[PDB]
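The chain below stands alone, shown as structure tokens; this is the form deposited in one PDB entry.
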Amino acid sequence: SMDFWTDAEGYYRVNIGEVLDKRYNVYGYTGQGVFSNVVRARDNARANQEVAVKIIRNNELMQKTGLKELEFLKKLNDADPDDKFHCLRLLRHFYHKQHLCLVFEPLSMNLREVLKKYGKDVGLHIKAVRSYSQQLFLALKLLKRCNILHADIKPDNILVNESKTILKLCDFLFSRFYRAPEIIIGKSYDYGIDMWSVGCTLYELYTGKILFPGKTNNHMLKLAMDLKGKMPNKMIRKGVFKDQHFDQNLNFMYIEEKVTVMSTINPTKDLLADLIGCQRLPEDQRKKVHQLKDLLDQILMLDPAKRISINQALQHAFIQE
């Protein structure tokens, strides 16, 4: 998230049965987190309630990064005192053996794991996609209110409770698939990047498949333009990486090594067909799928200024009808 060898040293292995801050009885690992150990504990000081504790590495870079994370979470916590906007709740922090330790509400699994348990190319029920879409847009609403850009929304960064009724947005290879085109071309960017990533996620939640599985940044742009046609001229010109992907005449240079020069990219991606799949749907679910397709069309505009607003997303037929 962002405001709109000594870097890897100091890992701490917490033992099962260790008590932290004279209260957190560590009883299990989670596996989550990239650089820090995230453990499950019971809070002996608060009726043995379950928490997750992230133990950050003891080095300068990750200490400072930890403090920034703490600041972002406190800002969202204060902006949303009743927890209606679906961001992860930090409970408090402490220090242990020079490690900054962050204590969070416990959650069950991330949405990548939920998709895996649905099985290969299966996806969720459209009713769950509807509910999760609303919750995600509410998270977007809070982030924008707090002048925060996530910049890496994807199933791996969304956690759910045990019943899978509630999701919380959080932040910890796959990242390229969810990247907005303004980022790829190197244009100045805004809250629109997170709306884009939410669109990519929603498609994947329903189909079980990655929307834009591009091997490179060049391939990602081609796949986006296969949906929406060629990127606007004014957008191309403002990108600091435009020369990797477009020539002096703003023709797209499709790499496949061979370079195919394209003045036009005819839209060919059939989003509805891909959404429906081999399903024989009843008219009520079929209607909802059409509405999902329309929501995605409005999210996945190449120009971020022309994407659906957060409020228009919340009031879209997919959610409301």
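Just so we're on the same page, rigid core means the largest C-alpha set that superposes within 1.5 Å between forms. Residue positions are given as counts along the sequence shown, with the first one as 1.
Below: the form deposited in another entry, not depicted.
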{"query": "Position with Cα shift of 2 Å or more, rigid core superposed between the shown form and the other one, options 74, 125, 84, 120", "finding": "120"}
{"query": "Displaced residue check between the shown form and the other one: residue 272, CA, 2 Å or over, core reference", "finding": "no"}
{"query": "Large Cα move at residue 46 between the shown form and the other one, threshold 2 Å, rigid core", "finding": "no"}
{"query": "Large Cα shift (2 Å or above) at residue 285 between the shown form and the other one, core-fitted", "finding": "no"}
{"query": "Cα distance between residue 121 and residue 273, which in that other deposited form differs by 3 Å or more from this form, closer or farther", "finding": "farther"}
{"query": "Comparison of CA distance in that other deposited form with shown form for residue 119, residue 124, at least 3 Å", "finding": "closer"}
